[PDB]
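**Q** Pasting a structure below so you can have a look.
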Amino acid sequence: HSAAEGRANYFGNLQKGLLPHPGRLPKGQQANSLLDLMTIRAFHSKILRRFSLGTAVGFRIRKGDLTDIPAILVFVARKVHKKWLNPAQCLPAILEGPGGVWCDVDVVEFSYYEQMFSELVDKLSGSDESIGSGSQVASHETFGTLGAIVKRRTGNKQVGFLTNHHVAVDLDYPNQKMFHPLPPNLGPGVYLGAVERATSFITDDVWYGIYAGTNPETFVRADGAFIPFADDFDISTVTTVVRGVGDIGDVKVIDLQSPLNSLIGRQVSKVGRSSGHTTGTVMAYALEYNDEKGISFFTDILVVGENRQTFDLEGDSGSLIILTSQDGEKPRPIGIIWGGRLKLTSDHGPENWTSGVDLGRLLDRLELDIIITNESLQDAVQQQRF
Amino acid sequence: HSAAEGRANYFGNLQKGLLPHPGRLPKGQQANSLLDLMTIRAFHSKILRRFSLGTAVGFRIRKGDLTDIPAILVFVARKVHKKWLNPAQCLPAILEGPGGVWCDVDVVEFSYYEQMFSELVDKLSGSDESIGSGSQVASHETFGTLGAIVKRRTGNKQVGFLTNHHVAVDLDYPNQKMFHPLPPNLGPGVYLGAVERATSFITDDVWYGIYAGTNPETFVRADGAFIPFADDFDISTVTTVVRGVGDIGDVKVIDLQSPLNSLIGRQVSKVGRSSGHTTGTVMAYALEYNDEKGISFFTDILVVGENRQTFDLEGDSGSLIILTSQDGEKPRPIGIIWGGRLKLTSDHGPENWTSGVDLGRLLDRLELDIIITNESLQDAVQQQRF
Amino acid sequence: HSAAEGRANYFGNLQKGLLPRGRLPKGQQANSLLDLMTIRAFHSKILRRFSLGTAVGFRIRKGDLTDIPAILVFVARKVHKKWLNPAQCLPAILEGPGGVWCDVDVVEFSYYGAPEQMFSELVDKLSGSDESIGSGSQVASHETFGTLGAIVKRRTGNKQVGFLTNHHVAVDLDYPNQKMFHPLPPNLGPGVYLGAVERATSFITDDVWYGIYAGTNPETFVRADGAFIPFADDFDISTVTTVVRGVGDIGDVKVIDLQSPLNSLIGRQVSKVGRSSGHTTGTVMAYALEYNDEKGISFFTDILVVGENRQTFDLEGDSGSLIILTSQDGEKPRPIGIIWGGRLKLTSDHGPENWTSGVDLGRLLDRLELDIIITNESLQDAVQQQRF
Amino acid sequence: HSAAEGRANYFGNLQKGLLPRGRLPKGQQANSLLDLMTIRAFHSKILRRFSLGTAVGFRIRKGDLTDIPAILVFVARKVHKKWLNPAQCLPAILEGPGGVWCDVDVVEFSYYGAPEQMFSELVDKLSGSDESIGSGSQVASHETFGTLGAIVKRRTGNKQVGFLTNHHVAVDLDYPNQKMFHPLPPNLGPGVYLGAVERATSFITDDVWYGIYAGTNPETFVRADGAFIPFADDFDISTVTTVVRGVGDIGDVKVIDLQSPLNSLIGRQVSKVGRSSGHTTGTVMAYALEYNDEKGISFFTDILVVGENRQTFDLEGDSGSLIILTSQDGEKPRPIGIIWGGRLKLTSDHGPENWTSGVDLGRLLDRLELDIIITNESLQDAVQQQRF
Ligand SMILES: Nc1ncnc2c1ncn2[C@@H]1O[C@H](COP(=O)(O)OP(=O)(O)OP(=O)(O)O)[C@@H](O)[C@H]1O
Ligand SMILES: Nc1ncnc2c1ncn2[C@@H]1O[C@H](COP(=O)(O)OP(=O)(O)OP(=O)(O)O)[C@@H](O)[C@H]1O
Ligand SMILES: Nc1ncnc2c1ncn2[C@@H]1O[C@H](COP(=O)(O)OP(=O)(O)OP(=O)(O)O)[C@@H](O)[C@H]1O
Ligand SMILES: Nc1ncnc2c1ncn2[C@@H]1O[C@H](COP(=O)(O)OP(=O)(O)OP(=O)(O)O)[C@@H](O)[C@H]1O
């Protein structure tokens with residue numbers, strides 16, 4: 001009947017099919033997928049969530065370096081030696097899931113707690129003759145980054161752009177009008193259009209396809225806004241190139257059944273109005289944060305910048321998170337930056353961390369397709385007039 | 001085609017059917033309706049909006065007292081003698097509309113810029129055994145007032161309550177759950193339900209049925225939230241009585257073609273969690289405020305408290321604005337308080353002013369009906385189970 | 001061995017001998033402060049949950065003090081039973097360990113208090129326009145202003161004569177010697193040197209103060225603000241008066257016995273004379289108030305006073321003031337406490353009233369080994385005995 | 001009659017004799033500051049709209065100074081033409097009243113400036129560790145700290161010897177006599193009394209200062225900060241040095257003639273020595289900068305300087321410092337201004353640089369009737385002439 005009663009039933013039967021190892025290697029299959037790790041974390045949510053700030057899935061971190069061992073990352077405010085912790089507080093090293101699928105449990109010091117100057121940043125902020133990924137999109141109050149030139153799959157098949165919802169939508173005013181570079185009250189700019197569809201919170205069952213936690217009120221922070229280009233807008237100013245990266249391919253969907261090496265540990269790049277071109281590493285997926293109001297919130301992609309340099313700054317929200325080319329293939333996008341420190345090494349200090357929204361799932365919810373070539377763009381314009 | 005092009009056409013033809021009095025009494029018909037005053041104000045919006053903070057329609061105010069002369073109230077920050085004003089600044093005394101309908105122009109000093117203790121306030125805040133109009137409804141952050149026990153007209157015909165949207169809906173979190181008296185993080189309370197439909201901004205053409213201004217971006221601040229009662233909620237705790245007023249009748253719709261005496265100048269009463277029972281006078285309708293972002297905003301009902309006492313305080317939002325009985329008839333509701341001073345007399349200081357939303361139009365937009373007797377309530381419960 | 005192990009033993013014994021009970025024997029009804037404190041101590045856990053604090057006294061119904069012995073439970077918002085969870089709703093009666101039973105009253109209440117200016121002849125006199133120093137006089141260190149509570153003499157030792165005030169005003173341990181002046185310190189204005197603090201109390205454990213375990217917390221401390229300032233050698237005792245201005249000549253300290261009828265303290269009219277509000281009257285509403293912080297420590301305050309006719313009993317700066325019972329049969333009024341270094345809602349018609357906190361004078365005088373001087377002859381005699 | 005009616009006449013005449021023009025005669029290109037200022041004055045309205053301010057100088061292209069005479073127009077955000085309204089986009093060339101034409105350059109620019117500490121031997125010396133007082137020395141009133149600009153002598157009257165600094169630092173008209181000390185005022189630290197301000201300039205009208213109508217505003221004023229502090233009678237002149245520490249011996253003031261080639265000022269390297277940043281170098285980027293407030297008044301600043309190698313030319317406290325041209329052919333370096341009591345974006349690669357404001361020294365010296373002393377012999381001679 002109710003979604004809560006359905007979720008309680010699913011976890012009820014997982015407990016009902018259960019049985020209880022003297023230091024022997026786990027007999028069950030080791031996790032090799034994101035779904036495997038997420039299922040184990042869901043079953044053991046309560047005592048993972050206790051004495052913890054959040055949880056995520058990925059590979060174990062040892063001495064600041066990413067291993068190849070699938071793991072549930074448990075985030076703590078202060079990581080101390082086991083000798084100073086109570087036996088209840090010390091988290092396990094291995095967790096056994098419902099169907100025998102097992103994984104490791106890593107502990108990472110973590111907290112949920114500037115404008116860079118380059119030729120690119122100048123171009124993205126209004127000096128370039130073209131609008132594209134990275135361009136500063138602004139409403140009358142907030143500044144953000146254009147993520148992708150998109151077209152609607154159904155209906156009018158309208159051509160527009162995708163960015164983060166918080167930057168585009170402020171539901172304290174009637175229309176949400178977007179301009180580049182600045183809105184009329186703050187500076188020069190051209191009217192791009194208004195937000196027509198937006199997503200803020202999606203339930204985990206619809207987003208991931210599985211129950212990612214025990215909380216009846218569990219929502220994914222799926223920030224996303226589609227702005228159809230205005231009728232008077234000139235599409236010849238639009239480019240499908242990601243400046244600083246080049247021509248990109250189509251969205252790479254995050255399949256929960258694929259090997260973790262396909263996402264976790266992969267190098268990613270982003271181009272935004274505030275920090276320009278940065279590179280980073282995907283460190284975790286499906287981060288869980290529990291507020292004081294009883295709601296469990298999920299963020300898809302967790303990225304840490306490379307070489308102890310921040311991956312994003314305030315204003316890079318909406319930027320496209322693009323996988324780097326491994327085999328000469330065109331780099332493919334996997335996420336957008338959502339609207340934050342972790343301590344990896346003892347020698348150095350805390351590094352910054354950023355959040356991303358799964359692009360494939362966001363594009364599905366908003367029923368949007370990414371335009372990756374100029375030929376496709378002009379074709380999509382013609383299809384819109386149709 | 002576009003709504004702006006339709007609005008521009010309507011005002012274009014009104015200008016096209018035009019012609020130009022030596023102090024002779026206006027030959028046209030004097031306004032006798034809200035629509036008449038609103039049409040004249042719409043035609044002359046520009047130079048009424050210039051050298052002004054806002055405009056509204058009602059009766060002229062002379063020496064602090066309400067006259068019987070239909071008028072367009074022009075609100076100014078400082079009212080000075082004509083000798084100290086430039087000829088362009090001095091507003092006219094009479095304005096002639098498109099079809100010869102004429103009205104007067106009144107000038108009122110105005111600005112858009114506490115908990116009372118009584119037995120009633122205590123009952124409304126959680127000491128009474130019943131929930132009804134006036135009861136403190138609270139989300140996890142904002143406190144407000146329950147306006148009316150309502151039932152949906154169509155669909156499931158669900159029974160719930162009406163309050164102001166801003167108090168119930170905060171679109172920074174997934175669900176908007178309402179409790180009485182307090183939410184779980186701040187104190188004891190019972191779960192009432194969650195918001196299922198809400199209205200924030202309606203265009204003037206849909207709300208009023210006419211173009212109330214020349215601005216292409218013109219919206220009515222029609223704050224409203226319907227919260228269907230939870231399945232587990234006990235309806236025997238619900239009362240249809242307005243404590244401090246008694247049994248009330250059905251909504252009195254504000255017809256724009258009725259004589260102005262039916263609304264302007266009428267005594268109204270409200271019962272809220274913060275100020276309790278207060279009385280006031282309806283002073284104006286369809287107040288226009290122009291922001292710095294180019295959007296024209298409209299508020300329906302303007303109320304000033306009687307005897308220089310405030311009509312509302314922060315927290316009375318959602319309260320039902322009820323007309324007082326003139327002929328022994330049950331008092332009938334006309335509005336809800338929306339989520340502020342005017343100088344009427346020289347002897348005393350500035351009085352406070354409050355805003356109301358047209359209940360008939362809000363009930364139509366949300367497709368809701370007010371329940372005014374316990375028999376009707378239990379009948380509506382049975383119809384919901386149906 | 002440890003006090004915690006002794007306290008844990010005491011409550012473990014009470015649980016072991018407990019025989020649970022419907023309607024319960026009348027005549028086993030509490031008639032003492034100790035009776036109410038023992039019941040509250042046993043049921044500390046279930047009372048401390050969903051509550052800001054507890055105290056013992058008389059049940060309050062419709063804002064008026066009844067004669068029914070009760071444990072007052074203080075809540076941030078008092079709501080109707082229908083909006084409460086069954087676990088949240090408090091009992092109306094609680095049976096103690098030995099079958100002694102009492103009532104459980106609920107009061108809306110807040111701790112939002114750290115401690116304005118009232119203008120009268122007394123306030124002016126207390127602040128430095130009187131030719132005499134006594135109870136109510138402004139005592140000032142270099143930073144904080146307070147009120148002189150009582151002219152006192154030490155029981156043992158040199159038997160020195162000085163005055164009593166609150167310790168948080170007198171002692172600021174960030175510097176070595178705490179010097180008091182009247183009216184003002186030399187950095188802010190004119191004044192004479194009264195002396196320096198020689199002994200002070202801040203926290204006493206409940207087993208020492210009350211003589212019983214008032215709670216289950218291994219860390220339970222009574223906020224017993226108290227400071228003795230022996231008068232300086234050069235100080236002129238002829239400037240000192242033992243009269244409480246606004247009340248007159250006072251009797252000796254009235255000790256608060258826990259076995260006496262609650263009538264003797266709860267509900268009694270009290271008066272105070274302080275530098276900030278002058279003469280005010282109030283009513284003792286509760287005894288032994290428990291507050292649980294976020295750091296796990298339980299704190300106790302002795303006397304709770306609410307001003308009469310919806311007027312505040314004290315203001316910031318009145319700390320140190322003597323809380324004095326009113327005369328009932330013409331007897332000289334007798335002091336029972338000092339104001340410690342705060343709102344409750346009693347009536348639905350009116351708004352929240354302020355509450356103030358008092359320290360048990362008899363127990364503070366015992367810990368500090370001080371005696372109150374109530375007549376000028378006793379003063380001069382004590383000055384001579386100090387020289388002896 | 002009125003200055004406004006005279007100014008309105010001047011521009012009414014220029015419009016009446018104006019013969020509008022495609023490509024326009026080269027050789028009628030501006031070659032002077034006056035030429036650029038006259039074109040900007042005529043076109044003030046269309047330039048002041050959509051702009052934060054204007055100045056005259058050389059066009060800037062790709063962050064480098066060109067040799068093309070231009071009116072620099074300062075904008076909060078410089079965007080590509082495609083995101084601009086046709087009315088918003090500025091011209092590339094503007095023809096003046098008499099056919100004299102110039103270019104129109106756009107620069108990102110902000111007025112976010114009211115005026116840190118740099119550590120060096122010079123700064124220490126200027127702040128009170130040197131045995132001599134001169135240009136760069138910290139001059140202090142009881143509230144504000146500044147920089148001694150130049151040792152000066154009055155041309156007429158008693159011909160008294162004193163020093164020149166900025167008036168906002170020297171004069172605070174909320175009290176009668178403005179006393180200067182070095183290094184510090186008596187309320188804050190040690191120091192010797194230098195003297196009190198006897199004459200000061202704050203606002204001069206543009207017709208008096210420049211000799212022309214620099215704008216169409218009836219209310220147009222040049223921010224001409226300047227204060228003369230005659231040395232006290234008791235002051236010891238042997239402590240005064242005419243050397244600019246960090247530069248050496250300087251020549252006499254180089255006047256800024258509006259009819260001279262822009263090469264003579266725009267783009268020239270300048271140096272300054274102040275109490276806060278010490279010795280810094282910069283480049284003169286523009287002259288006669290116009291700022292329009294919200295109260296309807298147009299204000300003008302003479303010299304605009306940007307520091308070299310992306311380092312700030314000045315800091316708060318450097319006001320009063322002498323802006324000194326660098327030597328080109330071994331000649332003694334000559335002063336051209338003083339720093340008035342501020343960011344621009346030149347390059348896309350790097351970030352916003354700071355800009356500072358200077359007052360025309362030759363015109364400030366004229367209004368205040370002062371002459372600069374550039375050698376110790378001239379100093380002592382002037383001391384004797386004052387006694388005469
Ligand atoms: N609740 C907790 N809060 C803080 N620290 C904890 C907690 N539980 C365990 N720890 C600490 O975390 C350690 C485990 O760290 P982790 O699982 O990351 O180890 P690792 O990957 O083998 O090595 P490395 O420490 O290099 O990452 C425990 O030994 C203990 O010191
Ligand atoms: N733009 C304006 N700003 C301020 N004051 C104005 C403006 N235009 C007109 N007024 C003032 O308002 C006056 C008109 O006031 P109004 O129309 O309310 O008069 P009334 O109703 O006859 O009398 P009363 O002043 O008693 O209300 C003018 O005479 C003038 O002094
Ligand atoms: N945990 C709680 N938090 C808030 N309110 C509570 C709580 N438990 C009980 N109450 C409220 O307090 C009421 C009991 O109040 P109380 O003990 O003061 O009664 P009383 O002395 O008979 O009457 P009066 O309300 O007139 O003082 C309950 O009926 C309920 O409405
Ligand atoms: N009102 C305005 N606000 C902001 N930017 C403007 C405005 N008017 C013009 N611009 C921008 O300034 C440009 C002209 O800049 P400018 O005069 O400095 O050119 P330049 O000297 O040839 O080159 P550079 O940009 O390298 O300095 C226009 O093409 C347009 O992009």
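Convention: chains lettered A, B, ... in structure tokens order; per-chain residue numbering from 1; ligands numbered from 1 as shown.
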Using DSSP assignments from the backbone, pull out every residue in region 196-368 of chain A that falls under helix (DSSP H, G or I) and give it to me as a ChimeraX atom specification.
**A** /A:204-207,235-237,260-262,306-308,359-365
**Q** Need the shell around residue 236 (chain D): protein/DNA/RNA residues with any atom at most 12 Å away, counting only C-alpha atoms. Skip same-chain ones fewer than 3 positions apart. Format as number ranges by chain?
**A** D: 131-133, 161-162, 192-195, 231-233, 239-241, 380, 383
**Q** I'd like the contact shell of residue 13 (chain B) - 12 Å cut-off, only C-alpha atoms, skipping same-chain residues fewer than 5 positions apart - returned as a tab-separated table (two decimals) with N, CA, C and O atoms, in the first residue's frame.
**A**
chain	number	residue	atom	x	y	z
B	6	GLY	N	-1.61	39.97	-26.23
B	6	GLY	CA	-3.03	40.14	-25.99
B	6	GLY	C	-3.34	41.30	-25.06
B	6	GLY	O	-4.29	42.05	-25.29
B	7	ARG	N	-2.53	41.45	-24.01
B	7	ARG	CA	-2.71	42.59	-23.10
B	7	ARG	C	-2.40	43.91	-23.80
B	7	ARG	O	-3.12	44.90	-23.62
B	8	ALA	N	-1.34	43.94	-24.60
B	8	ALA	CA	-1.00	45.16	-25.34
B	8	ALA	C	-2.10	45.53	-26.32
B	8	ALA	O	-2.37	46.72	-26.54
B	18	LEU	N	-10.64	56.86	-28.19
B	18	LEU	CA	-10.41	57.92	-27.16
B	18	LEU	C	-10.70	59.33	-27.69
B	18	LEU	O	-10.66	59.51	-28.92
B	43	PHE	N	-5.85	51.68	-17.13
B	43	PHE	CA	-5.59	52.57	-18.27
B	43	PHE	C	-4.54	53.62	-17.92
B	43	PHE	O	-3.67	53.94	-18.74
B	98	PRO	N	-11.53	54.73	-19.80
B	98	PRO	CA	-11.68	54.54	-21.26
B	98	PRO	C	-13.07	54.84	-21.79
B	98	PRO	O	-13.22	55.56	-22.78
B	99	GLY	N	-14.11	54.30	-21.14
B	99	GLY	CA	-15.46	54.43	-21.65
B	99	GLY	C	-16.26	55.55	-21.00
B	99	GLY	O	-17.49	55.52	-20.97
**Q** Residues at most 6 Å from ligand 3, using only C-alpha atoms and all ligand atoms? Could they come as a PyMOL selection string?
**A** chain C and resi 50+59-62+75+77-81+88-90+104-107
**Q** Let me see the file: selected residues, C-alpha atoms, as an mmCIF file, in the first residue's frame.
**A**
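Listed below is the output, selection.cif:
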data_model
loop_
_atom_site.group_PDB
_atom_site.id
_atom_site.type_symbol
_atom_site.label_atom_id
_atom_site.label_comp_id
_atom_site.auth_asym_id
_atom_site.auth_seq_id
_atom_site.Cartn_x
_atom_site.Cartn_y
_atom_site.Cartn_z
ATOM 1 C CA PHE C 50 10.463 15.332 27.960
ATOM 2 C CA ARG C 59 0.506 21.669 42.778
ATOM 3 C CA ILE C 60 -0.589 24.666 40.696
ATOM 4 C CA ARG C 61 -4.096 24.545 39.208
ATOM 5 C CA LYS C 62 -5.520 27.386 37.093
ATOM 6 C CA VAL C 75 8.001 21.988 30.141
ATOM 7 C CA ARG C 77 5.220 24.126 25.941
ATOM 8 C CA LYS C 78 2.266 22.745 27.912
ATOM 9 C CA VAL C 79 -0.199 21.280 25.410
ATOM 10 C CA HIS C 80 -3.489 19.417 25.745
ATOM 11 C CA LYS C 81 -3.322 15.661 26.339
ATOM 12 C CA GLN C 88 5.112 11.939 26.686
ATOM 13 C CA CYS C 89 2.120 12.561 28.944
ATOM 14 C CA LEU C 90 3.175 12.838 32.571
ATOM 15 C CA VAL C 104 2.777 15.562 39.494
ATOM 16 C CA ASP C 105 2.068 19.096 38.247
ATOM 17 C CA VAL C 106 3.042 20.504 34.839
ATOM 18 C CA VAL C 107 4.189 24.123 34.430
#
**Q** So which residues touch residue 134 (chain B) within 7 Å, counting only C-alpha atoms, skipping near sequence neighbours fewer than 3 positions away, as a VMD selection string?
**A** chain B and resid 124 145 to 147 271 to 273 319
**Q** If you count only C-alpha atoms and all ligand atoms, which residues end up within 7 Å of ligand 2, as a compact mmCIF listing (two decimals) with N, CA and C atoms, in the first residue's frame?
**A**
# COMPACT_ATOMS: atom_id res chain seq x y z
N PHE B 51 6.03 58.43 -9.36
CA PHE B 51 5.89 59.27 -8.13
C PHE B 51 4.94 58.57 -7.14
N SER B 52 4.94 57.23 -7.13
CA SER B 52 4.07 56.47 -6.21
C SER B 52 4.68 55.14 -5.78
N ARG B 60 -12.49 57.28 -1.17
CA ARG B 60 -11.51 58.35 -0.84
C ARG B 60 -11.45 58.54 0.67
N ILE B 61 -10.26 58.84 1.18
CA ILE B 61 -10.09 59.08 2.63
C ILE B 61 -9.87 60.58 2.82
N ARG B 62 -10.76 61.23 3.58
CA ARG B 62 -10.63 62.68 3.85
C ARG B 62 -10.56 62.87 5.36
N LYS B 63 -9.50 63.53 5.84
CA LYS B 63 -9.32 63.78 7.29
C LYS B 63 -9.36 62.44 8.04
N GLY B 64 -8.76 61.40 7.47
CA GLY B 64 -8.65 60.11 8.17
C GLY B 64 -9.91 59.28 8.14
N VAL B 76 1.82 57.15 -1.22
CA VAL B 76 3.08 57.93 -1.35
C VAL B 76 3.88 57.80 -0.05
N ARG B 78 5.83 60.19 1.42
CA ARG B 78 5.59 61.40 2.23
C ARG B 78 4.53 62.26 1.54
N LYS B 79 3.44 62.56 2.23
CA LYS B 79 2.39 63.44 1.67
C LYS B 79 2.70 64.87 2.07
N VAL B 80 3.01 65.71 1.09
CA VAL B 80 3.35 67.13 1.37
C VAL B 80 2.31 68.02 0.69
N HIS B 81 2.29 69.31 1.03
CA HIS B 81 1.33 70.27 0.43
C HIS B 81 1.65 70.46 -1.05
N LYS B 82 0.63 70.77 -1.86
CA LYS B 82 0.81 70.94 -3.32
C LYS B 82 1.87 72.00 -3.62
N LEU B 85 5.31 70.58 -4.18
CA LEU B 85 5.42 69.53 -5.21
C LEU B 85 5.59 70.16 -6.58
N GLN B 89 4.50 66.13 -10.41
CA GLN B 89 4.34 65.23 -9.24
C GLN B 89 2.91 65.27 -8.70
N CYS B 90 2.28 66.45 -8.65
CA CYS B 90 0.93 66.54 -8.03
C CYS B 90 -0.04 65.65 -8.80
N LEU B 91 -0.63 64.69 -8.09
CA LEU B 91 -1.55 63.74 -8.74
C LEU B 91 -2.90 64.42 -8.95
N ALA B 93 -7.13 64.94 -9.15
CA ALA B 93 -8.21 64.67 -8.22
C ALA B 93 -9.28 63.77 -8.82
N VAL B 105 -9.26 60.50 -7.24
CA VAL B 105 -7.89 59.99 -6.95
C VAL B 105 -7.49 60.50 -5.57
N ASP B 106 -7.36 59.59 -4.59
CA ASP B 106 -7.01 59.96 -3.20
C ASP B 106 -5.53 59.69 -2.97
N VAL B 107 -4.88 60.49 -2.12
CA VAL B 107 -3.44 60.33 -1.82
C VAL B 107 -3.30 59.92 -0.36
N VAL B 108 -2.62 58.80 -0.09
CA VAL B 108 -2.48 58.29 1.31
C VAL B 108 -1.01 57.98 1.61
**Q** Report as a Markdown table the residues of chain A within 9 Å of ligand 4, each with its shortest atom pair and distance in Å (one decimal), using only C-alpha atoms and all ligand atoms, ordered by chain and increasing residue number.
**A**
| residue | atom | partner | partner_atom_place_in_ligand_line | distance |
| --- | --- | --- | --- | --- |
| A:126 | CA | ligand 4 | 31 (O) | 8.8 |
| A:127 | CA | ligand 4 | 31 (O) | 7.0 |
| A:187 | CA | ligand 4 | 3 (N) | 8.2 |
| A:188 | CA | ligand 4 | 3 (N) | 6.6 |
**Q** Taking only C-alpha atoms into account, name the residue in D:304, D:87, D:180, D:164 that is nearest to chain A.
**A** D:87
**Q** Set the cut-off to 10 Å and count only C-alpha atoms: what are the residues of chain B that reach chain A? Output as a ChimeraX atom specification.
**A** /B:140,166,170-175,183-185,200-203,217-221,292-295,297
**Q** Please produce an output containing N, CA and C atoms for each residue in the selection, written as a compact mmCIF listing (two decimals), in the first residue's frame.
**A**
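Produced file part_28.txt, reproduced below:
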# COMPACT_ATOMS: atom_id res chain seq x y z
N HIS B 140 8.19 22.41 10.13
CA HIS B 140 9.41 22.29 10.91
C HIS B 140 10.17 23.61 11.07
N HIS B 166 3.05 30.14 2.19
CA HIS B 166 4.44 30.34 2.69
C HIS B 166 4.64 29.59 4.00
N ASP B 170 7.68 25.07 2.07
CA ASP B 170 9.05 25.62 1.95
C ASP B 170 9.72 24.69 0.94
N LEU B 171 9.91 25.12 -0.30
CA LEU B 171 10.40 24.19 -1.36
C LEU B 171 11.93 24.12 -1.27
N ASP B 172 12.49 24.09 -0.06
CA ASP B 172 13.92 23.72 0.14
C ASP B 172 13.99 22.30 0.70
N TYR B 173 12.84 21.71 1.05
CA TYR B 173 12.80 20.32 1.60
C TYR B 173 11.74 19.48 0.88
N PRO B 174 11.87 18.13 0.84
CA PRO B 174 10.95 17.27 0.07
C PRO B 174 9.45 17.29 0.38
N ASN B 175 9.08 17.02 1.63
CA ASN B 175 7.64 16.97 2.00
C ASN B 175 7.33 18.17 2.89
N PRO B 183 6.06 21.39 15.68
CA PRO B 183 6.68 20.23 15.00
C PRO B 183 7.56 19.45 15.96
N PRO B 184 7.87 18.18 15.64
CA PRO B 184 8.58 17.31 16.59
C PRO B 184 9.92 17.86 17.08
N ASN B 185 10.64 18.61 16.25
CA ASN B 185 11.92 19.16 16.69
C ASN B 185 11.78 20.31 17.69
N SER B 200 0.80 30.04 -5.35
CA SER B 200 1.58 31.21 -4.97
C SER B 200 1.26 32.43 -5.83
N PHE B 201 1.38 32.33 -7.15
CA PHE B 201 1.24 33.47 -8.04
C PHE B 201 0.25 33.12 -9.14
N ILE B 202 -0.77 33.95 -9.30
CA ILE B 202 -1.73 33.78 -10.38
C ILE B 202 -1.72 35.05 -11.22
N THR B 203 -1.90 34.88 -12.53
CA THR B 203 -1.95 36.03 -13.41
C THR B 203 -3.29 36.74 -13.23
N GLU B 217 4.32 41.31 -17.18
CA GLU B 217 4.58 40.36 -16.10
C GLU B 217 3.82 40.85 -14.87
N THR B 218 2.55 40.46 -14.77
CA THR B 218 1.66 40.90 -13.70
C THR B 218 1.09 39.67 -13.01
N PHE B 219 1.33 39.55 -11.71
CA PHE B 219 0.95 38.37 -10.95
C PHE B 219 0.27 38.76 -9.65
N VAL B 220 -0.72 37.97 -9.24
CA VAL B 220 -1.42 38.17 -7.98
C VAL B 220 -0.77 37.29 -6.92
N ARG B 221 -0.43 37.88 -5.77
CA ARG B 221 0.13 37.12 -4.65
C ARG B 221 -1.01 36.37 -3.97
N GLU B 292 11.67 46.31 -8.01
CA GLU B 292 12.78 46.82 -8.80
C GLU B 292 13.16 45.88 -9.94
N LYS B 293 12.56 44.70 -9.99
CA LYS B 293 12.85 43.71 -11.02
C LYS B 293 11.86 43.76 -12.18
N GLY B 294 10.93 44.71 -12.16
CA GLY B 294 10.03 44.91 -13.28
C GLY B 294 8.72 44.15 -13.23
N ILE B 295 8.39 43.52 -12.11
CA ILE B 295 7.19 42.70 -11.99
C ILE B 295 6.17 43.47 -11.16
N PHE B 297 2.92 43.26 -8.81
CA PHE B 297 2.30 42.30 -7.90
C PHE B 297 1.02 42.88 -7.33
**Q** Enumerate as a PyMOL selection string all residues of region 294-326 of chain A assigned to strand (DSSP E) by DSSP on the backbone, naming them with the chain letters and numbers the document uses.
**A** chain A and resi 296-305+320-323
**Q** List as number ranges by chain the protein and nucleic acid residues near residue 314 (chain C), meaning an atom at most 7 Å away when only C-alpha atoms are counted, but skip any in the same chain fewer than 3 places from it.
**A** C: 277, 318, 356
**Q** For residue 362 (chain B), please output as a list in words all residues within 10 Å (counting only C-alpha atoms; exclusion window: fewer than 5 positions along the same chain).
**A**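 Close residues of residue 362 (chain B): residues 162, 198, 199, 202, 207, 222, 223, 224, 225, 335, 336, 357, 367 and 368 of chain B.
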